[PDB]
Amino acid sequence: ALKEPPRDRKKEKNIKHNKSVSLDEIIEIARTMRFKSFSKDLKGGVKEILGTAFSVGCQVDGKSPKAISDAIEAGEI
Amino acid sequence: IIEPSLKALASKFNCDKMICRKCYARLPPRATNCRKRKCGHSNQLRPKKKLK
Amino acid sequence: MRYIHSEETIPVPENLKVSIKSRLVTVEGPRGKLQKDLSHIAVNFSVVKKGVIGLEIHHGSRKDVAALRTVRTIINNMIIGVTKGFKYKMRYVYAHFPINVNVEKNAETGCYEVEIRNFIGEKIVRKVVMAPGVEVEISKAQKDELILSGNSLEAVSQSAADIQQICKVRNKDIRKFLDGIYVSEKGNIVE
Amino acid sequence: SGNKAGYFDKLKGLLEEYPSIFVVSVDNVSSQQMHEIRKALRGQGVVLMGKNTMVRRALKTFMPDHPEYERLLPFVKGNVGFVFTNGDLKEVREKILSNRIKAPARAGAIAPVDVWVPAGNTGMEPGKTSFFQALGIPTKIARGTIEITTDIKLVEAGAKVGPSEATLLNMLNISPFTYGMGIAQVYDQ
RNA sequence: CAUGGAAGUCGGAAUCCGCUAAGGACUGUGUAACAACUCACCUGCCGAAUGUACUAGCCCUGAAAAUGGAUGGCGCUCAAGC
Ligand SMILES: [Zn+2]
């Protein structure tokens with residue numbers, strides 16, 4: 001849902017990789033709906049899973065989705 | 001026509017074989033060396049051509 | 001490189017009797033009796049325990065030791081055959097011409113004989129005689145089955161191969177003409 | 001063998017901290033079954049099984065930390081697991097016994113007890129009657145539903161289930177297999 | 001992303017994490033599309049070895065000519081050969 005502008009028709013025939021989105025609590029806010037469906041010890045595990053889930057988006061700017069999840073330095077909630 | 005299972009049974013005896021490249025002998029499917037002596041137990045084998 | 005000692009063992013169930021003399025094995029049990037001659041192999045037979053048979057070879061070569069395992073399974077087959085028998089099955093595979101068989105009874109001796117007619121529409125009547133001790137039956141469980149049974153694996157199997165080898169197509173593509181009689185299952189009479 | 005090293009320190013560390021150890025004999029149980037009991041027991045206790053520790057617990061017996069470890073050496077034979085927990089014996093006696101699945105047959109599975117289909121209405125589409133005719137079961141279609149007028153024996157107890165019947169057992173929701181955790185004797189209880 | 005429909009398996013481009021001892025955004029089969037199935041991987045039984053690539057001794061294949069035929073002959077097999 002956090003995608004670049006509109007997904008206009010007749011434009012997805014070619015490559016549609018222009019879906020870069022920012023990496024912040026906005027993605028973390030969306031994680032509360034799942035609420036760690038499979039264990040994960042509350043949202044702490046889910047945040048790492050949800051953070052690295054959007055591996056195609058490559059997070060924001062220099063930072064990468066894998067590095068943020070791998071680095072256990074963010075707050076639990 | 002032939003029932004599919006029966007045709008599979010018959011094919012085991014005259015379709016699924018290996019063929020030596022030196023003396024045209026029939027070999028088992030998993031063979032690695034020809035068993036005949038006139039070719040020197042050569043190891044140049046190829047599958048039997050399928051029907052199509 | 002010659003190996004000093006190679007040994008194998010064969011268990012014997014408490015149902016039959018076995019006696020060995022001058023490398024001549026006699027096995028007798030509930031379903032009959034069989035004999036085999038092993039005078040061509042240098043083996044030392046012995047009785048390890050109350051129900052275990054032992055055999056061994058001393059100072060044998062690589063080629064000589066190879067035959068040790070061949071002997072062990074042959075004698076075990078004899079024990080199984082006299083207590084459980086053997087049973088083979090065959091099927092008919094034809095495209096256009098039906099295959100007709102006639103398993104006539106004993107021909108004044110113990111041998112059975114099987115007559116095969118109308119193979120790929122030929123006028124030959126072709127006849128094969130089974131080895132003694134083998135009985136051939138037409139199955140009633142379902143269509144197009146031949147059932148062979150007996151006591152010895154060597155006689156049952158060789159007779160079965162005789163039937164398969166006699167139905168051959170010549171001067172034709174054998175990938176297209178799959179006509180013939182083939183073996184499909186091997187097992188024992190009991191269980 | 002990076003994971004191999006991680007097993008050695010893990011086993012010795014966990015055995016000493018928990019005074020109570022419970023052994024579980026699980027065999028031929030679906031992997032998913034261990035997932036739910038792991039999730040149910042996620043808060044308290046961790047279950048972990050691996051290959052037999054031929055010398056790995058015997059090393060723990062040599063030093064005098066627990067003279068009772070060498071008494072438990074012969075009890076391990078095969079496919080037996082251990083549970084590390086701090087709870088009471090009574091509460092863990094039946095804690096891991098939950099969620100016994102109803103395993104279907106696998107085309108030849110030995111039925112321990114004779115299986116019978118009680119008289120009733122299947123209620124499914126009558127296009128499947130070819131499956132019933134394979135066993136020659138007398139079936140009458142009523143209101144578009146296949147009805148078994150008289151009970152017909154499927155397979156005798158201890159006998160192999162027919163491949164057509166084994167597939168037929170899936171849609172009838174009846175099978176002889178029920179898979180669950182097995183409890184072995186622990187600490188001479 | 002693709003889309004009357006493609007849920008690993010028309011096709012185009014990336015290959016992370018939970019739980020574990022282990023199961024891949026998968027090597028095939030297969031569904032209109034799911035499924036089912038296979039492989040990969042791990043576990044139970046056993047009891048001491050196993051895999052791939054190279055070097056050189058004897059032996060074998062490569063080894064087809066005209067009167068009948070020559071390790072000198074007979075013959076020789078843990079040799080009467082090397
Ligand atoms: Zn060859």
# chains A, B, ... in the order shown; residues from 1 in each chain; ligands from 1

call {"tool": "select_by_dssp", "arguments": {"residues": "chain C", "states": "alpha helix (DSSP H)", "output": "number ranges by chain"}}
result
C: 62-84, 153-166

call {"tool": "residues_near_ligand", "arguments": {"ligand": "ligand 1", "cutoff": "10 Å", "atoms": "only C-alpha atoms (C1' of nucleotides) and all ligand atoms", "output": "list in words"}}
result
residues 19, 20, 21, 22, 23, 24, 25, 26, 27, 33, 34, 35, 36, 37, 38, 39, 40, 41, 42, 43, 44 and 45 of chain B

call {"tool": "interface_residues", "arguments": {"of": "chain D", "to": "chain E", "cutoff": "10 Å", "atoms": "only C-alpha atoms (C1' of nucleotides)", "output": "compact mmCIF listing (two decimals) with C-alpha atoms, in the first residue's frame"}}
result
# COMPACT_ATOMS: atom_id res chain seq x y z
CA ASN D 3 25.70 -26.42 14.57
CA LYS D 4 27.42 -29.45 16.13
CA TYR D 7 24.71 -28.62 20.73
CA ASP D 27 7.57 -41.28 17.41
CA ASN D 28 6.06 -40.84 13.93
CA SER D 31 6.34 -31.87 12.45
CA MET D 34 5.60 -30.07 17.63
CA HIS D 35 4.98 -26.48 16.49
CA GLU D 36 1.76 -25.96 18.45
CA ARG D 38 6.16 -25.48 21.28
CA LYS D 39 3.92 -22.42 20.98
CA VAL D 47 11.78 -28.90 24.16
CA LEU D 48 14.75 -30.03 22.09
CA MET D 49 15.60 -33.45 20.66
CA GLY D 50 18.48 -34.65 18.52
CA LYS D 51 20.70 -37.63 17.84
CA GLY D 78 15.97 -44.48 20.38
CA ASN D 79 13.67 -41.65 19.25
CA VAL D 80 13.22 -40.57 22.88

call {"tool": "closest_residue", "arguments": {"among": "E:58, E:15, E:40, E:68", "to": "residue E:27", "atoms": "only C-alpha atoms (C1' of nucleotides)"}}
result
E:40

call {"tool": "residues_around", "arguments": {"residues": "stretch 16-27 of chain A", "least_positions_apart": "6", "cutoff": "10 Å", "atoms": "only C-alpha atoms (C1' of nucleotides)", "output": "NGL selection string"}}
result
(:A and (1-7 or 47 or 50-51 or 54 or 56-61 or 63-65 or 68 or 77)) or (:E and (1 or 13))

call {"tool": "residues_around", "arguments": {"residues": "residue B:1", "least_positions_apart": "6", "cutoff": "12 Å", "atoms": "only C-alpha atoms (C1' of nucleotides)", "output": "PyMOL selection string"}}
result
(chain B and resi 7) or (chain C and resi 93-97+176-179)

call {"tool": "residues_around", "arguments": {"residues": "residue D:123", "least_positions_apart": "6", "cutoff": "10 Å", "atoms": "only C-alpha atoms (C1' of nucleotides)", "output": "compact mmCIF listing (two decimals) with N, CA, C and O atoms, in the first residue's frame"}}
result
# COMPACT_ATOMS: atom_id res chain seq x y z
N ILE D 141 -28.82 -43.92 -4.56
CA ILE D 141 -28.79 -42.46 -4.56
C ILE D 141 -30.18 -41.94 -4.21
O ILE D 141 -31.15 -42.20 -4.93
N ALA D 142 -30.27 -41.21 -3.10
CA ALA D 142 -31.53 -40.63 -2.65
C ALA D 142 -31.34 -39.13 -2.46
O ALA D 142 -30.42 -38.70 -1.75
N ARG D 143 -32.22 -38.34 -3.09
CA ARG D 143 -32.16 -36.88 -3.02
C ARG D 143 -30.79 -36.36 -3.46
O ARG D 143 -30.27 -35.39 -2.92
N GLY D 144 -30.21 -37.02 -4.46
CA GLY D 144 -28.89 -36.65 -4.92
C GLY D 144 -27.76 -37.04 -3.98
O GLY D 144 -26.63 -36.59 -4.18
N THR D 145 -28.04 -37.86 -2.98
CA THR D 145 -27.06 -38.25 -1.98
C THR D 145 -26.91 -39.77 -1.97
O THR D 145 -27.91 -40.50 -2.04
N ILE D 146 -25.67 -40.23 -1.89
CA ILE D 146 -25.39 -41.66 -1.89
C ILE D 146 -25.65 -42.22 -0.50
O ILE D 146 -25.14 -41.69 0.50
N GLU D 147 -26.44 -43.28 -0.42
CA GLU D 147 -26.82 -43.87 0.85
C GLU D 147 -26.37 -45.33 0.91
O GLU D 147 -26.59 -46.09 -0.04

call {"tool": "atom_distance", "arguments": {"atom1": "atom CA of residue C:48", "atom2": "atom CA of residue C:11"}}
result
9.9 Å

call {"tool": "interface_residues", "arguments": {"of": "chain A", "to": "chain D", "cutoff": "12 Å", "atoms": "only C-alpha atoms", "output": "PDB file with N, CA and C atoms, in the first residue's frame"}}
result
ATOM      1  N   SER A  37       1.514 -13.074  14.514  1.00  0.00           N
ATOM      2  CA  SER A  37       0.623 -14.215  14.326  1.00  0.00           C
ATOM      3  C   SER A  37       1.287 -15.520  14.746  1.00  0.00           C
ATOM      4  N   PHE A  38       2.577 -15.673  14.459  1.00  0.00           N
ATOM      5  CA  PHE A  38       3.314 -16.883  14.812  1.00  0.00           C
ATOM      6  C   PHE A  38       4.380 -16.525  15.843  1.00  0.00           C
ATOM      7  N   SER A  39       4.039 -16.697  17.122  1.00  0.00           N
ATOM      8  CA  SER A  39       4.951 -16.487  18.241  1.00  0.00           C
ATOM      9  C   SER A  39       5.616 -15.118  18.196  1.00  0.00           C
ATOM     10  N   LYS A  40       6.927 -15.111  17.951  1.00  0.00           N
ATOM     11  CA  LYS A  40       7.778 -13.936  17.800  1.00  0.00           C
ATOM     12  C   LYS A  40       7.968 -13.156  19.094  1.00  0.00           C
ATOM     13  N   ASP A  41       7.442 -13.631  20.223  1.00  0.00           N
ATOM     14  CA  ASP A  41       7.590 -12.948  21.508  1.00  0.00           C
ATOM     15  C   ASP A  41       7.117 -11.497  21.405  1.00  0.00           C
ATOM     16  N   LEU A  42       5.813 -11.351  21.157  1.00  0.00           N
ATOM     17  CA  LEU A  42       5.169 -10.052  20.995  1.00  0.00           C
ATOM     18  C   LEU A  42       5.710  -9.339  19.762  1.00  0.00           C
TER      19      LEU A  42
END

call {"tool": "closest_residue", "arguments": {"among": "E:47, E:18, E:72, E:81", "to": "chain A", "atoms": "only C-alpha atoms (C1' of nucleotides)"}}
result
E:18

call {"tool": "select_by_dssp", "arguments": {"residues": "chain B", "states": "strand (DSSP E)", "output": "JSON, numbers by chain"}}
result
{"B": [18, 19, 20, 26, 27, 45, 46, 47]}

call {"tool": "interface_residues", "arguments": {"of": "chain B", "to": "chain C", "cutoff": "8 Å", "atoms": "only C-alpha atoms", "output": "ChimeraX atom specification"}}
result
/B:1-2,6-7,9-11,14-15,51

call {"tool": "write_last_selection", "arguments": {"atoms": "C-alpha atoms", "output": "tab-separated table (two decimals), in the first residue's frame"}}
result
chain	number	residue	atom	x	y	z
B	1	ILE	CA	-5.69	-50.08	-27.67
B	2	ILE	CA	-3.58	-51.28	-24.73
B	6	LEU	CA	0.08	-53.13	-19.26
B	7	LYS	CA	1.92	-51.01	-21.84
B	9	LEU	CA	4.89	-53.40	-18.00
B	10	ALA	CA	5.77	-54.49	-21.54
B	11	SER	CA	8.00	-51.46	-22.15
B	14	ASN	CA	12.05	-53.95	-24.66
B	15	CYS	CA	12.12	-50.14	-24.33
B	51	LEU	CA	9.38	-43.89	-29.96

call {"tool": "residues_around", "arguments": {"residues": "residue C:23", "least_positions_apart": "3", "cutoff": "7 Å", "atoms": "only C-alpha atoms (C1' of nucleotides)", "output": "PyMOL selection string"}}
result
chain C and resi 20+37-39

call {"tool": "write_last_selection", "arguments": {"atoms": "N, CA and C atoms", "output": "PDB file, in the first residue's frame"}}
result
ATOM      1  N   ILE C  20      23.860 -82.827   6.003  1.00  0.00           N
ATOM      2  CA  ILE C  20      24.910 -82.570   5.026  1.00  0.00           C
ATOM      3  C   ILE C  20      25.930 -83.694   5.114  1.00  0.00           C
ATOM      4  N   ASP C  37      23.854 -80.320  -4.920  1.00  0.00           N
ATOM      5  CA  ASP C  37      25.227 -80.803  -4.874  1.00  0.00           C
ATOM      6  C   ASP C  37      26.183 -79.626  -5.004  1.00  0.00           C
ATOM      7  N   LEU C  38      27.092 -79.498  -4.042  1.00  0.00           N
ATOM      8  CA  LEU C  38      28.051 -78.403  -3.981  1.00  0.00           C
ATOM      9  C   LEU C  38      29.480 -78.929  -3.924  1.00  0.00           C
ATOM     10  N   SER C  39      29.755 -80.009  -4.654  1.00  0.00           N
ATOM     11  CA  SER C  39      31.079 -80.619  -4.634  1.00  0.00           C
ATOM     12  C   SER C  39      32.126 -79.797  -5.372  1.00  0.00           C
TER      13      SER C  39
END

call {"tool": "interface_residues", "arguments": {"of": "chain E", "to": "chain B", "cutoff": "10 Å", "atoms": "only C-alpha atoms (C1' of nucleotides)", "output": "number ranges by chain"}}
result
E: 60-62

call {"tool": "write_last_selection", "arguments": {"atoms": "N, CA and C atoms (P, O5', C5', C4', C3', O3' and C1' of nucleotides)", "output": "PDB file, in the first residue's frame"}}
result
ATOM      1  P     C E  60      46.552 -62.097 -22.970  1.00  0.00           P
ATOM      2  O5'   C E  60      45.192 -61.292 -23.183  1.00  0.00           O
ATOM      3  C5'   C E  60      43.935 -61.943 -23.060  1.00  0.00           C
ATOM      4  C4'   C E  60      42.782 -60.967 -23.006  1.00  0.00           C
ATOM      5  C3'   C E  60      42.551 -60.164 -24.277  1.00  0.00           C
ATOM      6  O3'   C E  60      41.863 -60.888 -25.278  1.00  0.00           O
ATOM      7  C1'   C E  60      42.424 -58.728 -22.425  1.00  0.00           C
ATOM      8  P     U E  61      42.238 -60.676 -26.821  1.00  0.00           P
ATOM      9  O5'   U E  61      41.495 -59.313 -27.177  1.00  0.00           O
ATOM     10  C5'   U E  61      40.082 -59.264 -27.319  1.00  0.00           C
ATOM     11  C4'   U E  61      39.596 -57.856 -27.552  1.00  0.00           C
ATOM     12  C3'   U E  61      40.136 -57.173 -28.799  1.00  0.00           C
ATOM     13  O3'   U E  61      39.437 -57.547 -29.972  1.00  0.00           O
ATOM     14  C1'   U E  61      40.278 -55.695 -26.968  1.00  0.00           C
ATOM     15  P     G E  62      40.223 -57.757 -31.353  1.00  0.00           P
ATOM     16  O5'   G E  62      40.838 -56.321 -31.649  1.00  0.00           O
ATOM     17  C5'   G E  62      40.014 -55.249 -32.079  1.00  0.00           C
ATOM     18  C4'   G E  62      40.791 -53.959 -32.159  1.00  0.00           C
ATOM     19  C3'   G E  62      41.981 -53.969 -33.102  1.00  0.00           C
ATOM     20  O3'   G E  62      41.595 -53.730 -34.443  1.00  0.00           O
ATOM     21  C1'   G E  62      42.620 -53.036 -31.026  1.00  0.00           C
TER      22        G E  62
END

call {"tool": "residues_around", "arguments": {"residues": "residue C:159", "least_positions_apart": "3", "cutoff": "7 Å", "atoms": "only C-alpha atoms (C1' of nucleotides)", "output": "MDAnalysis selection string"}}
result
chainID C and resid 130:131 155:156 162:163

call {"tool": "write_last_selection", "arguments": {"atoms": "N, CA, C and O atoms", "output": "compact mmCIF listing (two decimals), in the first residue's frame"}}
result
# COMPACT_ATOMS: atom_id res chain seq x y z
N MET C 130 6.57 -78.13 -19.00
CA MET C 130 7.17 -77.63 -17.78
C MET C 130 8.03 -78.69 -17.11
O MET C 130 7.90 -79.89 -17.37
N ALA C 131 8.92 -78.24 -16.24
CA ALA C 131 9.75 -79.16 -15.48
C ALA C 131 8.91 -79.89 -14.44
O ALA C 131 7.88 -79.38 -13.99
N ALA C 155 13.48 -74.33 -10.60
CA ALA C 155 12.59 -74.96 -11.58
C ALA C 155 11.44 -74.03 -11.95
O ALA C 155 11.05 -73.95 -13.12
N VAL C 156 10.87 -73.33 -10.97
CA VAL C 156 9.74 -72.45 -11.23
C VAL C 156 10.16 -71.30 -12.14
O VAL C 156 9.46 -70.96 -13.10
N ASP C 162 10.84 -69.85 -19.96
CA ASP C 162 10.62 -70.57 -21.21
C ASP C 162 9.40 -70.06 -21.96
O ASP C 162 9.42 -69.92 -23.18
N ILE C 163 8.32 -69.77 -21.23
CA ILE C 163 7.10 -69.27 -21.86
C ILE C 163 7.33 -67.88 -22.45
O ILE C 163 6.89 -67.58 -23.56

call {"tool": "closest_residue", "arguments": {"among": "E:17, E:5, E:78, E:36", "to": "chain A", "atoms": "only C-alpha atoms (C1' of nucleotides)"}}
result
E:17

call {"tool": "atom_distance", "arguments": {"atom1": "atom CA of residue A:48", "atom2": "atom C1' of residue E:14"}}
result
19.8 Å
